[PDB]
Every structure is written in C-alpha cells, then in structure tokens.
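Participant: Pasting entry28.cif below, which is mmCIF, C-alpha atoms.
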data_data
loop_
_atom_site.group_PDB
_atom_site.id
_atom_site.type_symbol
_atom_site.label_atom_id
_atom_site.label_comp_id
_atom_site.auth_asym_id
_atom_site.auth_seq_id
_atom_site.Cartn_x
_atom_site.Cartn_y
_atom_site.Cartn_z
ATOM 1 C CA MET A 1 18.663 65.118 8.563
ATOM 2 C CA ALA A 2 18.830 61.450 9.616
ATOM 3 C CA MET A 3 17.308 58.881 7.287
ATOM 4 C CA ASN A 4 15.986 55.389 7.883
ATOM 5 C CA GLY A 5 17.731 52.669 5.962
ATOM 6 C CA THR A 6 17.795 48.913 5.618
ATOM 7 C CA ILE A 7 20.918 46.823 6.084
ATOM 8 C CA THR A 8 21.597 44.986 2.838
ATOM 9 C CA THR A 9 25.338 44.490 2.509
ATOM 10 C CA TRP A 10 27.169 43.807 5.764
ATOM 11 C CA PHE A 11 30.241 41.881 6.849
ATOM 12 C CA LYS A 12 30.052 41.547 10.630
ATOM 13 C CA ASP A 13 33.342 39.633 10.824
ATOM 14 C CA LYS A 14 35.193 42.643 9.426
ATOM 15 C CA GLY A 15 32.816 45.439 10.357
ATOM 16 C CA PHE A 16 31.763 47.195 7.154
ATOM 17 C CA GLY A 17 29.028 47.171 4.548
ATOM 18 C CA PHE A 18 26.398 49.220 2.750
ATOM 19 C CA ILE A 19 23.045 50.386 4.035
ATOM 20 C CA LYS A 20 20.386 51.769 1.730
ATOM 21 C CA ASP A 21 17.667 54.192 2.743
ATOM 22 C CA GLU A 22 14.445 54.913 0.899
ATOM 23 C CA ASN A 23 15.288 58.484 -0.049
ATOM 24 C CA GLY A 24 18.769 58.160 -1.511
ATOM 25 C CA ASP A 25 20.798 55.006 -2.091
ATOM 26 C CA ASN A 26 23.520 52.806 -0.567
ATOM 27 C CA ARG A 27 26.105 54.499 1.625
ATOM 28 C CA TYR A 28 29.440 53.226 2.873
ATOM 29 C CA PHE A 29 29.127 52.137 6.492
ATOM 30 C CA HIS A 30 31.707 50.972 8.985
ATOM 31 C CA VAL A 31 31.279 49.449 12.468
ATOM 32 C CA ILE A 32 33.246 52.294 14.088
ATOM 33 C CA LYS A 33 30.467 54.803 13.364
ATOM 34 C CA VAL A 34 27.761 52.621 14.891
ATOM 35 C CA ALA A 35 26.662 53.025 18.513
ATOM 36 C CA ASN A 36 25.017 49.594 18.581
ATOM 37 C CA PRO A 37 26.972 47.504 16.026
ATOM 38 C CA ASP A 38 26.141 44.039 17.381
ATOM 39 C CA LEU A 39 22.510 44.777 16.672
ATOM 40 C CA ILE A 40 23.367 45.302 13.023
ATOM 41 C CA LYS A 41 21.698 42.472 11.146
ATOM 42 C CA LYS A 42 20.504 41.912 7.582
ATOM 43 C CA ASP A 43 17.110 43.444 6.711
ATOM 44 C CA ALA A 44 17.110 45.404 9.972
ATOM 45 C CA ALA A 45 16.314 49.119 9.998
ATOM 46 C CA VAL A 46 18.802 51.774 11.079
ATOM 47 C CA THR A 47 18.970 55.554 11.275
ATOM 48 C CA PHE A 48 22.002 57.650 10.372
ATOM 49 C CA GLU A 49 23.222 61.139 9.514
ATOM 50 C CA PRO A 50 24.106 61.998 5.878
ATOM 51 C CA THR A 51 27.655 62.810 4.793
ATOM 52 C CA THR A 52 30.109 62.320 1.934
ATOM 53 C CA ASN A 53 33.043 59.943 1.458
ATOM 54 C CA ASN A 54 36.023 59.534 -0.875
ATOM 55 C CA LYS A 55 34.583 56.366 -2.415
ATOM 56 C CA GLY A 56 31.019 57.684 -2.496
ATOM 57 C CA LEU A 57 28.376 58.525 0.074
ATOM 58 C CA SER A 58 28.581 57.700 3.775
ATOM 59 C CA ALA A 59 26.733 58.003 7.066
ATOM 60 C CA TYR A 60 27.645 58.865 10.660
ATOM 61 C CA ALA A 61 26.011 58.306 14.047
ATOM 62 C CA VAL A 62 24.519 54.998 12.978
ATOM 63 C CA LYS A 63 21.958 53.549 15.356
ATOM 64 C CA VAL A 64 20.119 50.307 14.696
ATOM 65 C CA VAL A 65 16.436 49.913 15.549
ATOM 66 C CA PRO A 66 16.141 46.572 17.410
ATOM 67 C CA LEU A 67 12.691 45.040 17.877
ATOM 68 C CA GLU A 68 13.766 43.713 21.270
ATOM 69 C CA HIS A 69 16.169 44.669 24.049
ATOM 70 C CA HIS A 70 18.294 41.730 25.188
ATOM 71 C CA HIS A 71 21.476 41.969 27.226
ATOM 72 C CA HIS A 72 24.739 40.992 25.548
ATOM 73 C CA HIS A 73 27.678 41.329 27.917
ATOM 74 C CA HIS A 74 30.211 39.020 29.535
#
Take the structure I supplied and represent it as structure tokens, if you would.

Facilitator:
Amino acid sequence: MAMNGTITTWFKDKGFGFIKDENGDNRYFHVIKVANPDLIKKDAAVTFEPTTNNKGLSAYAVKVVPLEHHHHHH
C-alpha cells in the first residue's frame, strides 16, 4: 500500500482538499489525517494509505515529503 501523490486542491485555512497520485486519482483529504499538515503545499509530494469514503475515495496516514527541514514552533 501507500502511494505517492501531488497536492493539487488544498484549502489550508479550512484544512481539506484533494490529492492525486499517479496510480489512481484524486482522494478526499483532511488536515486531521496528516502528521505534518503545515508542510502541505501546492505541487508538493505526499504519501498516504488507500481507503474508501462516503463521498468517494480517501487516504489515511498522510505524510508530506518536504525538501527541507525547518523548525516551525512558538
């Protein structure tokens, strides 16, 4: 399992969107299921586990692949 996808639709203010991998299609994502949600940016690559949703397809255990590691904490 676990596919690599690109972040295409994303509303960071609210915390939801749609990420499309190269194997399947767009899945319904939500900030709650992301371990590193502040790293979620457009055109960035993420990896997630496949699952199903009421409104379509969805993913769990979403981790973004950042090209750098900078601290973000008050």

Participant: From the options A:68, A:17, A:63, A:12, which residue's atoms come nearest to residue 46 (chain A), counting all atoms listed in the file?

Facilitator: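 Closest to residue 46 (chain A) of all the choices is A:63.
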
Participant: Using the chain letters and numbers from the file, give me the residues hit by the PyMOL selection byres ((chain A and resi 54-57) around 7), as an MDAnalysis selection string.

Facilitator: chainID A and resid 27:28 51:53 58

Participant: Of the candidates A:64, A:72, A:25, A:6, which shows the shortest atom-to-atom distance to residue 50 (chain A), using only C-alpha atoms?

Facilitator: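 Nearest candidate to residue 50 (chain A) out of A:64, A:72, A:25, A:6: A:25.
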
Participant: Which residues are near residue 31 (chain A)? Cut-off 8 Å, only C-alpha atoms, ignore same chain within fewer than 6 positions. Put them as a compact mmCIF listing (two decimals) with C-alpha atoms, in the coordinates of the input.

Facilitator:
# COMPACT_ATOMS: atom_id res chain seq x y z
CA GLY A 15 32.82 45.44 10.36
CA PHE A 16 31.76 47.20 7.15
CA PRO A 37 26.97 47.50 16.03

Participant: Have a look at A:22, A:70, A:62, A:7 and name the one nearest to residue 35 (chain A); count all atoms listed in the file.

Facilitator: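 With all atoms listed in the file as the atom set, the closest residue is A:62.
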
Participant: To test your reading of the syntax: which residues would the PyMOL selection byres ((chain A and resi 43) around 7) return for the file shown? Reply as a VMD selection string.

Facilitator: chain A and resid 6 to 8 41 to 42 44 to 45

Participant: Separation of CA of residue 9 (chain A) and CA of residue 47 (chain A), in Å?

Facilitator: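 We find that CA of residue 9 (chain A) and CA of residue 47 (chain A) lie 15.5 Å from each other.
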
Participant: Which protein, DNA or RNA residues are at most 6 Å from (32.2, 57.5, 14.2) in the file's coordinates when you count all atoms listed in the file, listed as number ranges by chain?

Facilitator: A: 32-33, 60

Participant: Suppose you want the space between CA of residue 48 (chain A) and CA of residue 69 (chain A); what is it in Å?

Facilitator: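 Between CA of residue 48 (chain A) and CA of residue 69 (chain A) the gap works out to 19.7 Å.
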
Participant: Taking all atoms listed in the file into account, which of A:18, A:74, A:34, A:23 comes nearest residue 4 (chain A)?

Facilitator: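 Among the listed residues, the smallest separation from residue 4 (chain A) belongs to A:23.
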
Participant: From the list A:66, A:49, A:36, A:71, which residue is nearest residue 3 (chain A) when using only C-alpha atoms?

Facilitator: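 Under the stated criterion, the closest residue is A:49.
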
Participant: Would you mind reading off the distance between CA of residue 65 (chain A) and CA of residue 39 (chain A), one decimal, in Å?

Facilitator: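 Pair CA of residue 65 (chain A) / CA of residue 39 (chain A) returns 8.0 Å.
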
Participant: Return the padded bounding box of region 56-62 of chain A as lines of an AutoDock Vina configuration file: axis-aligned, built from all atoms listed in the file, 5 Å added on each side, with centre and edge lengths in Å to one decimal.

Facilitator:
center_x = 27.8
center_y = 56.9
center_z = 5.8
size_x = 16.5
size_y = 13.9
size_z = 26.5
